[PDB]
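Chemist: Contents of run-v3.cif (mmCIF, C-alpha atoms and all ligand atoms) are below:
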data_work
loop_
_atom_site.label_atom_id
_atom_site.label_comp_id
_atom_site.auth_asym_id
_atom_site.auth_seq_id
_atom_site.Cartn_x
_atom_site.Cartn_y
_atom_site.Cartn_z
CA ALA A 1 0.00 0.00 0.00
CA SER A 2 1.09 3.55 -0.88
CA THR A 3 1.45 5.99 1.96
CA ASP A 4 -1.82 7.35 3.27
CA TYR A 5 -0.63 9.35 6.30
CA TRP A 6 0.97 12.77 6.69
CA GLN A 7 2.52 13.45 10.10
CA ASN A 8 3.27 17.12 10.88
CA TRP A 9 3.63 17.97 14.54
CA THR A 10 5.64 20.75 16.15
CA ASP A 11 5.58 21.78 19.77
CA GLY A 12 5.62 25.36 18.40
CA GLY A 13 9.28 26.19 19.09
CA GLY A 14 11.15 27.85 16.21
CA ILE A 15 10.23 27.26 12.55
CA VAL A 16 9.20 23.96 11.03
CA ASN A 17 8.36 24.41 7.33
CA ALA A 18 6.99 21.06 6.19
CA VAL A 19 5.88 20.34 2.61
CA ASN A 20 3.47 17.55 1.77
CA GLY A 21 4.77 16.66 -1.70
CA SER A 22 3.31 14.29 -4.27
CA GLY A 23 3.10 10.58 -3.61
CA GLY A 24 5.24 9.60 -0.65
CA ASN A 25 7.52 12.65 -0.93
CA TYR A 26 7.98 15.32 1.73
CA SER A 27 10.52 17.91 2.80
CA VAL A 28 11.21 19.86 5.96
CA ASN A 29 13.26 22.97 6.51
CA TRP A 30 13.56 23.92 10.15
CA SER A 31 15.20 26.55 12.29
CA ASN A 32 16.01 26.80 16.05
CA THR A 33 13.21 24.44 16.98
CA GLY A 34 11.72 22.81 20.01
CA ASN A 35 10.54 19.23 19.32
CA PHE A 36 8.88 18.21 16.03
CA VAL A 37 8.03 15.08 13.98
CA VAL A 38 7.28 15.22 10.29
CA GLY A 39 6.97 12.26 7.93
CA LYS A 40 4.91 10.11 5.60
CA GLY A 41 3.62 6.58 6.08
CA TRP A 42 0.49 4.70 7.11
CA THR A 43 -2.49 5.43 9.31
CA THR A 44 -2.32 1.94 10.77
CA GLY A 45 1.09 0.52 11.46
CA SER A 46 1.85 -3.13 10.79
CA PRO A 47 4.58 -5.36 12.36
CA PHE A 48 4.91 -7.07 8.96
CA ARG A 49 5.53 -3.98 6.83
CA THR A 50 8.70 -3.34 4.86
CA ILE A 51 9.26 0.40 4.70
CA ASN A 52 11.12 1.76 1.71
CA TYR A 53 12.51 5.25 1.49
CA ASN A 54 15.01 7.48 -0.21
CA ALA A 55 16.44 10.45 1.67
CA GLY A 56 17.61 12.74 -1.09
CA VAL A 57 18.54 15.38 1.52
CA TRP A 58 19.56 14.68 5.05
CA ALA A 59 21.17 17.82 6.53
CA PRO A 60 20.44 18.22 10.27
CA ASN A 61 22.40 20.94 12.05
CA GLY A 62 22.06 19.75 15.61
CA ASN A 63 19.78 17.05 16.94
CA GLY A 64 17.67 15.43 14.25
CA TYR A 65 16.69 11.80 13.52
CA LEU A 66 15.91 10.07 10.27
CA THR A 67 13.84 7.29 11.66
CA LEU A 68 10.96 4.95 11.36
CA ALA A 69 8.59 6.25 14.05
CA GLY A 70 5.30 4.84 15.23
CA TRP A 71 2.95 4.12 18.07
CA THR A 72 0.77 1.45 19.61
CA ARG A 73 -1.96 1.67 22.21
CA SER A 74 -2.77 -1.11 24.70
CA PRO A 75 -0.25 -0.43 25.97
CA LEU A 76 0.90 3.01 24.85
CA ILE A 77 4.35 2.61 23.27
CA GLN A 78 6.35 4.77 20.91
CA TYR A 79 8.90 2.98 18.73
CA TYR A 80 11.80 3.98 16.53
CA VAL A 81 14.19 2.51 13.99
CA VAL A 82 16.83 5.23 13.68
CA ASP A 83 18.89 5.07 10.49
CA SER A 84 20.70 8.42 10.74
CA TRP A 85 20.99 11.39 13.04
CA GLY A 86 22.76 14.72 13.50
CA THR A 87 24.85 15.69 16.54
CA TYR A 88 23.14 13.24 18.89
CA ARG A 89 22.87 9.41 18.66
CA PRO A 90 19.83 8.44 20.84
CA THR A 91 20.53 5.79 23.46
CA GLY A 92 18.84 4.36 26.57
CA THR A 93 18.81 1.12 28.54
CA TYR A 94 20.78 -1.30 26.43
CA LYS A 95 18.95 -4.52 25.63
CA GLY A 96 20.94 -6.17 22.82
CA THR A 97 21.53 -5.85 19.06
CA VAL A 98 19.73 -6.75 15.83
CA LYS A 99 21.05 -7.06 12.27
CA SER A 100 18.73 -5.91 9.48
CA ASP A 101 18.92 -4.40 6.01
CA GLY A 102 22.71 -4.46 5.93
CA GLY A 103 23.09 -2.68 9.31
CA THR A 104 23.59 -3.54 12.98
CA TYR A 105 21.35 -1.75 15.47
CA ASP A 106 21.53 -1.40 19.23
CA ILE A 107 18.26 -2.00 21.06
CA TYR A 108 17.31 0.41 23.82
CA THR A 109 14.38 1.25 26.03
CA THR A 110 13.49 4.58 27.64
CA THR A 111 10.47 5.89 29.52
CA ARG A 112 8.76 9.28 29.27
CA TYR A 113 6.70 10.77 32.13
CA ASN A 114 4.17 13.63 31.85
CA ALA A 115 5.21 14.03 28.22
CA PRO A 116 3.24 14.61 24.97
CA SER A 117 1.96 11.49 23.17
CA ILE A 118 -0.78 10.51 20.76
CA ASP A 119 -2.98 10.34 23.89
CA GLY A 120 -2.41 13.81 25.36
CA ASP A 121 -0.07 16.54 26.56
CA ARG A 122 1.01 14.87 29.81
CA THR A 123 1.20 11.10 29.61
CA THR A 124 3.56 8.30 30.55
CA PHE A 125 4.84 5.84 28.00
CA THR A 126 7.69 3.53 27.10
CA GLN A 127 9.87 4.02 24.02
CA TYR A 128 11.44 1.14 22.08
CA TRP A 129 14.47 1.90 19.87
CA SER A 130 16.60 0.21 17.29
CA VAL A 131 19.47 2.67 16.66
CA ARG A 132 21.93 1.92 13.88
CA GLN A 133 25.50 1.63 15.17
CA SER A 134 26.64 3.99 12.43
CA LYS A 135 24.75 6.43 10.23
CA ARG A 136 23.22 4.77 7.16
CA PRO A 137 24.31 6.30 3.82
CA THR A 138 21.46 8.35 2.34
CA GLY A 139 20.54 9.14 -1.23
CA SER A 140 19.82 5.61 -2.48
CA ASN A 141 16.74 3.49 -2.06
CA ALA A 142 16.72 1.94 1.40
CA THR A 143 14.60 -0.60 3.26
CA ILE A 144 13.59 -1.16 6.85
CA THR A 145 12.38 -4.73 7.30
CA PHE A 146 10.45 -3.84 10.40
CA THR A 147 9.55 -7.47 11.21
CA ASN A 148 13.24 -8.04 12.09
CA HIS A 149 13.05 -5.28 14.69
CA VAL A 150 9.73 -6.41 16.08
CA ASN A 151 11.03 -9.97 16.47
CA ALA A 152 14.32 -8.95 18.13
CA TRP A 153 12.42 -6.65 20.49
CA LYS A 154 9.98 -9.42 21.39
CA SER A 155 12.90 -11.77 22.17
CA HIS A 156 14.24 -9.09 24.59
CA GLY A 157 10.92 -8.74 26.46
CA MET A 158 9.75 -5.70 24.42
CA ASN A 159 6.18 -6.40 23.35
CA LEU A 160 4.24 -3.92 21.25
CA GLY A 161 0.60 -3.00 21.98
CA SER A 162 -2.39 -4.60 20.26
CA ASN A 163 -3.86 -1.39 18.82
CA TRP A 164 -1.62 0.02 16.05
CA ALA A 165 -1.50 3.77 15.32
CA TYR A 166 0.52 5.66 12.73
CA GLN A 167 3.81 4.44 11.25
CA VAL A 168 5.97 6.90 9.30
CA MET A 169 9.42 7.47 7.96
CA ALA A 170 10.11 10.65 9.84
CA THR A 171 12.35 13.58 10.36
CA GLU A 172 12.35 14.30 14.10
CA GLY A 173 14.26 17.21 15.61
CA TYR A 174 14.97 18.96 18.88
CA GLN A 175 16.86 22.23 19.47
CA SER A 176 18.22 22.25 15.90
CA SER A 177 18.02 23.52 12.35
CA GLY A 178 18.13 21.53 9.16
CA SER A 179 16.79 20.35 5.84
CA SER A 180 15.44 16.99 4.79
CA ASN A 181 13.79 15.55 1.70
CA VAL A 182 12.47 12.00 1.82
CA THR A 183 10.27 9.76 -0.30
CA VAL A 184 8.48 6.84 1.36
CA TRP A 185 6.72 3.79 -0.16
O1 LIG B 201 14.52 13.17 -1.75
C1 LIG B 201 14.05 12.76 -3.03
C2 LIG B 201 14.24 11.26 -3.18
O2 LIG B 201 13.44 10.57 -2.23
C3 LIG B 201 13.91 10.79 -4.58
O3 LIG B 201 14.28 9.46 -4.66
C4 LIG B 201 13.43 8.63 -5.46
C5 LIG B 201 12.34 8.05 -4.58
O4 LIG B 201 11.48 7.22 -5.36
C6 LIG B 201 12.16 6.10 -5.90
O5 LIG B 201 11.26 5.39 -6.69
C7 LIG B 201 10.67 4.23 -6.12
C8 LIG B 201 11.37 3.01 -6.66
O6 LIG B 201 10.75 1.80 -6.21
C9 LIG B 201 9.40 1.71 -6.64
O7 LIG B 201 8.86 0.51 -6.21
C10 LIG B 201 8.60 2.85 -6.04
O8 LIG B 201 7.23 2.74 -6.41
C11 LIG B 201 9.19 4.19 -6.46
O9 LIG B 201 8.49 5.23 -5.79
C12 LIG B 201 13.31 6.52 -6.79
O10 LIG B 201 14.04 5.38 -7.22
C13 LIG B 201 14.24 7.51 -6.09
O11 LIG B 201 15.16 8.05 -7.03
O12 LIG B 201 14.65 11.54 -5.55
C14 LIG B 201 14.37 12.94 -5.48
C15 LIG B 201 14.79 13.50 -4.14
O13 LIG B 201 14.48 14.89 -4.10
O1 LIG B 202 -1.16 15.34 14.49
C1 LIG B 202 -0.49 15.74 15.67
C2 LIG B 202 -0.25 14.53 16.55
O2 LIG B 202 0.50 13.52 15.89
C3 LIG B 202 0.43 14.95 17.83
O3 LIG B 202 0.52 13.79 18.58
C4 LIG B 202 1.75 13.40 19.21
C5 LIG B 202 2.33 14.54 20.01
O4 LIG B 202 3.43 14.05 20.78
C6 LIG B 202 4.50 13.49 19.99
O5 LIG B 202 5.32 12.81 20.89
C7 LIG B 202 6.70 13.19 20.98
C8 LIG B 202 7.44 12.63 19.78
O6 LIG B 202 8.83 12.94 19.85
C9 LIG B 202 9.44 12.31 20.96
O7 LIG B 202 10.77 12.64 20.98
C10 LIG B 202 8.82 12.80 22.25
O8 LIG B 202 9.40 12.10 23.35
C11 LIG B 202 7.31 12.64 22.26
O9 LIG B 202 6.79 13.34 23.39
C12 LIG B 202 3.99 12.46 18.99
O10 LIG B 202 5.02 12.04 18.11
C13 LIG B 202 2.80 12.99 18.20
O11 LIG B 202 2.32 11.99 17.30
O12 LIG B 202 -0.41 15.88 18.53
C14 LIG B 202 -0.65 17.07 17.77
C15 LIG B 202 -1.31 16.76 16.44
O13 LIG B 202 -1.41 17.98 15.68
ZN ZN B 203 19.07 -10.47 21.08
#
What does this structure look like when you write it as structure tokens?
Ligand SMILES: O[C@@H]1[C@@H](O)[C@H](O[C@@H]2CO[C@@H](O[C@@H]3CO[C@@H](O)[C@H](O)[C@H]3O)[C@H](O)[C@H]2O)OC[C@H]1O
Ligand SMILES: O[C@@H]1[C@@H](O)[C@H](O[C@@H]2CO[C@@H](O[C@@H]3CO[C@@H](O)[C@H](O)[C@H]3O)[C@H](O)[C@H]2O)OC[C@H]1O
Ligand SMILES: [Zn+2]
Modeler:
Amino acid sequence: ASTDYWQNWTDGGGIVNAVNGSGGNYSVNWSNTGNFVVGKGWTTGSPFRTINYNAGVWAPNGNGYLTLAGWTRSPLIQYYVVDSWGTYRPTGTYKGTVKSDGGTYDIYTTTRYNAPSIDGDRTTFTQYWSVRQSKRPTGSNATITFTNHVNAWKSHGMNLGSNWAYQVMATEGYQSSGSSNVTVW
């Protein structure tokens, strides 16, 4: 299935100029921001989906992630598969590693308290991460075989919720400027 979801959230800090391009294409140009998440993908995430993308521009200046990003409810979990980043490589409680799509990823968990989620301004949730041990080259067609992540996570006690929300290939930033241009299919 083609992408059917456009994610465009900013906490309102700085400038986040997001363009919803044709098909699965988007771009972001941002300046001195708070937190934001922009991307294209699917209204309902699947654990069996292979996400394809091509990041024609990946130019964070400061903290930004180029990442699969999604949520589940029941329970409320946010998840990431981080392929590249800027000045900050996100880490947490180390769980193990997983190999997928030509890369090796570290597996981490973190928890957020009284923080914004898909359920409100001030909620508590767990975050599951696969973070690539080195930045993935950008500019060619790339794949995230998400089932590999889901399976590794499960084997390390990290179960996703039963009610799947959005699933996008995102540009996320915090306290940064930058430019990205990504197509997703
Ligand atoms: O940032 C932009 C890039 O994302 C863009 O890359 C192209 C993205 O689409 C790719 O085409 C897909 C190939 O596989 C098929 O199954 C899909 O249906 C196609 O959408 C194409 O190969 C990439 O070149 O290039 C322009 C950049 O600005
Ligand atoms: O459409 C917008 C919604 O998607 C938005 O919902 C969520 C708001 O909180 C965001 O959560 C943060 C994501 O980035 C992480 O680093 C932080 O730890 C999270 O707090 C979430 O991604 C959004 O989907 O609400 C506003 C709507 O306009
Ligand atoms: Zn393992």
Chemist: With 6 Å added on each side, what axis-aligned box encloses every listed atom of ligand LIG 201 (chain B)? Give the centre and edge lengths in Å to one decimal, as JSON.
Modeler:
{"center_x": 11.2, "center_y": 7.7, "center_z": -4.5, "size_x": 19.9, "size_y": 26.4, "size_z": 17.5}
Chemist: Would you work out the distance separating atom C10 of ligand LIG 202 (chain B) from CA of residue 5 (chain A), expressed in Å to one decimal?
Modeler: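 So the answer is 18.9 Å.
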Chemist: Write out as a list in words each polymer residue whose atoms come within 10 Å of residue 164 (chain A), counting all atoms listed in the file; drop sequence neighbours fewer than 4 positions from it.
Modeler: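 After dropping sequence-adjacent residues, the list is residues 43, 44, 45, 46, 47, 70, 71, 72, 73, 74, 76, 77 and 160 of chain A.
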Chemist: If you keep C-alpha atoms, can you produce a file of those selected residues as a compact mmCIF listing (two decimals), keeping the file's coordinate frame?
Modeler:
# COMPACT_ATOMS: atom_id res chain seq x y z
CA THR A 43 -2.49 5.43 9.31
CA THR A 44 -2.32 1.94 10.77
CA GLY A 45 1.09 0.52 11.46
CA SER A 46 1.85 -3.13 10.79
CA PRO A 47 4.58 -5.36 12.36
CA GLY A 70 5.30 4.84 15.23
CA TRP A 71 2.95 4.12 18.07
CA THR A 72 0.77 1.45 19.61
CA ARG A 73 -1.96 1.67 22.21
CA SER A 74 -2.77 -1.11 24.70
CA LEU A 76 0.90 3.01 24.85
CA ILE A 77 4.35 2.61 23.27
CA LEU A 160 4.24 -3.92 21.25
Chemist: What's the 9 Å shell around residue 23 (chain A), counting only C-alpha atoms, without same-chain residues fewer than 4 positions away, as a list in words?
Modeler: residues 2, 3, 183, 184 and 185 of chain A
Chemist: Please return as a list in words the residues found within 12 Å of ligand ZN 203 (chain B), counting all atoms listed in the file.
Modeler: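 Based on all atoms listed in the file, ligand ZN 203 (chain B) is surrounded within 12 Å by residues 94, 95, 96, 97, 98, 99, 104, 105, 106, 107, 108, 130, 148, 149, 150, 151, 152, 153, 154, 155, 156, 157 and 158 of chain A.
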Chemist: Using all atoms listed in the file, which residues of the polymer chains come no farther than 9 Å from ligand LIG 201 (chain B)? I'd like the answer as a VMD selection string.
Modeler: chain A and resid 2 23 to 27 52 to 58 139 to 141 180 to 185
Chemist: Which residues of chain A have any atom within 7 Å of an atom in ligand LIG 202 (chain B) when counting all atoms listed in the file, and what is the closest pair of atoms for each, with the distance in Å to one decimal? Order the rows by chain and rising number and write it as a Markdown table.
Modeler:
| residue | atom | partner | partner_atom | distance |
| --- | --- | --- | --- | --- |
| A:7 | CA | B:LIG202 | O1 | 6.0 |
| A:8 | CA | B:LIG202 | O1 | 6.0 |
| A:9 | CA | B:LIG202 | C1 | 4.8 |
| A:35 | CA | B:LIG202 | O6 | 6.5 |
| A:36 | CA | B:LIG202 | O6 | 6.5 |
| A:37 | CA | B:LIG202 | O10 | 5.9 |
| A:112 | CA | B:LIG202 | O8 | 6.6 |
| A:115 | CA | B:LIG202 | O9 | 5.1 |
| A:116 | CA | B:LIG202 | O9 | 4.1 |
| A:117 | CA | B:LIG202 | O4 | 3.8 |
| A:118 | CA | B:LIG202 | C4 | 4.1 |
| A:172 | CA | B:LIG202 | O6 | 6.9 |
Chemist: Skip residue 86 (chain A) itself and residues of its chain fewer than 5 positions away, then list as a ChimeraX atom specification all residues within 10 Å of it, counting only C-alpha atoms.
Modeler: /A:58-66,135,173,176,178
Chemist: Select, from A:165, A:142, A:68, A:16, the residue with the minimum atom-to-atom distance to residue 40 (chain A), counting all atoms listed in the file.
Modeler: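 Closest candidate: A:68.
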Chemist: Rounded to one decimal place, report the CA of residue 123 (chain A)-CA of residue 161 (chain A) distance in Å.
Modeler: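 Interatomic distance, CA of residue 123 (chain A) to CA of residue 161 (chain A): 16.0 Å.
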Chemist: At what distance in Å, to one decimal, does CA of residue 10 (chain A) lie from CA of residue 125 (chain A)?
Modeler: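 So the answer is 19.1 Å.
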Chemist: Out of A:100, A:175, A:32, A:17, which residue has the shortest atom-to-atom distance to residue 50 (chain A) when counting all atoms listed in the file?
Modeler: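 Among A:100, A:175, A:32, A:17, it is A:100 that comes nearest to residue 50 (chain A).
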Chemist: Using only C-alpha atoms, can you tell me which of A:162, A:29, A:91, A:167 comes closest to residue 67 (chain A)?
Modeler: A:167
Chemist: Between A:12, A:145, A:83, A:119, which residue has the minimum interatomic distance to residue 31 (chain A), considering all atoms listed in the file?
Modeler: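 Ranking A:12, A:145, A:83, A:119 by distance to residue 31 (chain A), first place goes to A:12.
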Chemist: Pick the closest to residue 170 (chain A) from A:11, A:90, A:22, A:85: which is it, counting only C-alpha atoms?
Modeler: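 That would be A:85, the residue with the smallest distance to residue 170 (chain A).
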Chemist: Taking into account all atoms listed in the file, which residue in the set A:42, A:48, A:79, A:88 is nearest to residue 174 (chain A)?
Modeler: A:88
